[PDB]
Protein chains: 2
Amino acid sequence: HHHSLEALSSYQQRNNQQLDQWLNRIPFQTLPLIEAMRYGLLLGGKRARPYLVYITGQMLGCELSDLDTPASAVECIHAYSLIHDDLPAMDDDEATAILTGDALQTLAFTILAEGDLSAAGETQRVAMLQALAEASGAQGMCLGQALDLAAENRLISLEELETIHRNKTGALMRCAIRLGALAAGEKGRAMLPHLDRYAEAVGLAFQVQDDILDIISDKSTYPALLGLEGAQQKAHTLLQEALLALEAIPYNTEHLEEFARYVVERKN
Amino acid sequence: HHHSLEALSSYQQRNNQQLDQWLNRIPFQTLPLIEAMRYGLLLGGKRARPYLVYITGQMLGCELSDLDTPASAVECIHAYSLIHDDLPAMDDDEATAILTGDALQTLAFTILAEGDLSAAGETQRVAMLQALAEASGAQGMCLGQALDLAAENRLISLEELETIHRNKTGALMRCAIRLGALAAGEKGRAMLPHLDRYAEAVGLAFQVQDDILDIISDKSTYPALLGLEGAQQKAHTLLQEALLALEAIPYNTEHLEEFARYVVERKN
């Protein structure tokens, strides 16, 4: 419902232009894996993460040039994660799907290690890598995918269900925001506590509002554990949590707050 | 045949003690993935890589404390790579094997990002990450696993077969050596050209001497493309290439040269 349905289109372009220069570097293009990578990566999605990197950094004074690195990096992790998700093993040139996943995770760090950064950003390059590894491994995206493992058969605690989305979706999204901030150096870093709160609320609400769109277009789902109206009340409460968090930030929180609303107001 | 059969035992211990402190950090231990990780990682092998990190650094003045970071990091990549290798998809709680691979690659970078380093090492932390990503992705271990893909059915060019081992085994092994060197800062870095030559020769010869041990204990194999004696001549030539490379290095090349001999003299 917001002007974020078509803003995400402005960036979405840069992110693809950028991720291309990176794929272009790889030798043996005629090779297939470098192909799966190229598809599995330039297909993607709405690129909410890259977008979060961009707007968060800008809000903090960064040029887009100062942000293509984290932006591109974070999308590589996202992309890898989907590819692995769609595996016969998991869901029930496959081996090529496995490899292409593996190579995209690696690519993400190549990017964080090698890409340009403002002088302010440089000071945080190591911090960007620790944050991307932390959000992606057994302490985030992986720990959360491990939890959606056991949960697949059973129906679960609302807590459990949140702890799942928190790690499996929250971590990387909070990461895209942290990256965006770190690109602006210590000034950005000092804003993390508030940005974190924001991220956690927005990451969770994103899931809740899916389920709500699942039910409203005709397991353990937010609507099942709370009922349709009980869930919508949760999403709205989370949008309030986000916005409340952004109020602590002394900068133009316009596009972030706006992104929060889009998460829950979407007809997507 | 060398005293490197039981030296690799001295370190092999540290590497496991060290990789433990890292696994210990992860929350939700009772969880399974944090288990697969713990097995798939503390099983492992001879740990030639961690060893290469250690001896190379020492040769350059580093304390072992200054080296546990690269040492531990590099083993995480190795370990992940095996786990993925043994997949139904590839070879022909599986999904748990997939995840455990993914989480170990991530863990490797967590380690490089977070672990202690001498002040000399710190200066190269970003360079250690780029070298580990470069050696592990579509420009190394992955590009080389992609090549052993197409080669599985057909019989191939000696070149092709080397280009496969070069990327699929050479890259990471040359990486363990580069890491060891970088731990000693710019002094170590300046030695890379020679260490690289050494690494490439030793990485390749390691493969050739496998095949030779395969045939001598009773597809496209070194022995098939060159014959038993033709291969042994190649391994010996590579040991000469390595040793010739170490001669350019103004430091105690004893343990490296010694490791080269072990590669080709092994009854393993």
Side-chain angles (χ1 to χ4, degrees), chain A residues 98-99 101-103 105-106 109 133 137-138, chain B residues 4 8-9 11 13-23 36-38 40-57 67-87 90-91 97-112 115 128-129 131-146 148 164-183 199-200 202-204 206-207 210 259 262-263 268:
Chain A
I98 296 191
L99 280 211
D102 290 339
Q105 167 166 14
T106 301
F109 291 103
Chain B
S4 181
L8 294 183
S9 221
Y11 299 109
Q13 224 51 76
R14 210 179 183 8
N15 192 247
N16 261 297
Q17 146 211 354
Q18 220 62 342
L19 294 191
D20 197 41
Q21 309 193 131
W22 289 105
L23 284 164
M37 290 178 68
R38 206 180 267 272
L41 189 75
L42 271 22
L43 307 191
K46 332 184 305 295
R47 328 289 246 219
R49 286 152 192 82
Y51 175 77
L52 286 181
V53 174
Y54 285 130
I55 83 185
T56 309
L67 290 170
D68 297 287
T69 292
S72 315
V74 77
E75 195 57 13
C76 287
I77 297 307
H78 190 238
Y80 125 62
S81 73
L82 304 185
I83 306 200
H84 272 29
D85 266 345
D86 281 353
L87 293 187
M90 233 96 200
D91 260 5
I98 296 191
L99 280 211
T100 310
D102 290 339
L104 288 165
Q105 167 166 14
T106 301
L107 179 52
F109 291 103
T110 280
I111 295 167
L112 279 191
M128 292 186 185
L129 281 137
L132 186 74
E134 189 187 75
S136 302
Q139 308 206 49
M141 218 187 46
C142 272
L143 163 38
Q145 229 315 357
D148 194 17
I164 287 184
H165 298 106
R166 229 201 77 97
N167 288 288
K168 167 159 179 166
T169 271
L172 198 68
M173 205 142 84
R174 180 177 56 167
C175 181
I177 285 185
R178 294 181 161 173
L179 295 179
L182 292 167
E200 286 143 18
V202 208
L204 205 74
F206 198 109
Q207 290 293 223
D210 264 349
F259 177 80
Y262 160 80
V263 175
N268 195 191

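Letters go in sequence order (proteins before strands), and every chain restarts at 1.
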Next on the checklist: Evaluate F109(A) against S136(B) for side-chain contact (heavy atoms from CB on, under 4.5 Å), listing each step before the verdict.
Outcome noted: CA-CA 10 Å; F109(A) 291 103; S136(B) 302; over 6 Å; no
Work out which heavy atom in [X] is nearest to a heavy atom in [Y]; give both atom names and the distance.
X	Y	result
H84(B)	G101(B)	CE1-CA, 3.5 Å
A183(B)	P70(B)	CB-CG, 4.4 Å
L67(B)	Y54(B)	CD1-O, 3.5 Å
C175(B)	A135(B)	CB-CB, 3.6 Å
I83(B)	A97(B)	CG2-O, 3.4 Å
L41(B)	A79(B)	CD1-CB, 3.4 Å

4.5 Å side-chain heavy-atom contact, [X] and [Y]:
X	Y	result
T106(A)	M141(B)	no
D102(A)	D102(B)	yes
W22(B)	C76(B)	no

Spatial distance of atom [atom1] ([X]) from atom [atom2] ([Y]) [nearest 0.5 Å]:
X	Y	atom1	atom2	answer
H78(B)	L104(B)	NE2	CG	12.5 Å
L99(A)	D148(B)	CG	CG	10.0 Å
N268(B)	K46(B)	CG	NZ	6.0 Å
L172(B)	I177(B)	CG	CD1	11.0 Å
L179(B)	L52(B)	CG	CG	10.5 Å
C142(B)	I98(A)	SG	CD1	11.0 Å

Checklist entry - Do any pairs count as a salt bridge (charged side-chain N to carboxylate O under 4.0 Å, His left out) and have a residue in residues 172-181 of chain B, sequence neighbours left out, and if so which ones? => result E134(B)-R178(B), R174(B)-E200(B), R178(B)-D196(B)
Checklist entry - Do side-chain atoms of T169(B) reach the backbone of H165(B) as a donor and acceptor pair under 3.5 angstrom? => result no
Next on the checklist: Test side-chain contact (heavy atoms from CB on, under 4.5 Å) on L82(B) and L43(B); report intermediate values, then the result.
Outcome noted: CA-CA 11 Å; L82(B) 304 185; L43(B) 307 191; over 6 Å; no
Next on the checklist: The test is side-chain contact (heavy atoms from CB on, under 4.5 Å); show your working for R47(B) and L8(B) and say whether it passes.
Outcome noted: CA-CA 7 Å; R47(B) 328 289 246 219; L8(B) 294 183; over 6 Å; no
Checklist entry - What's the verdict on side-chain contact (heavy atoms from CB on, under 4.5 Å) for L107(B) and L23(B), showing C-alpha distance, side-chain angles and the deciding distance? => result CA-CA 9 Å; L107(B) 179 52; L23(B) 284 164; 4.2 Å; yes
Checklist entry - Given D85(B) and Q145(B), is the side chain to side chain donor-acceptor pair (under 3.5 Å) satisfied, shown in steps? => result CA-CA 9 Å; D85(B) 266 345; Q145(B) 229 315 357; 3.0 Å; yes
Checklist entry - In terms of ring plane angle, is the pair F259(B) and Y262(B) parallel, tilted or perpendicular, where the classes change at 30° and 60°? => result tilted
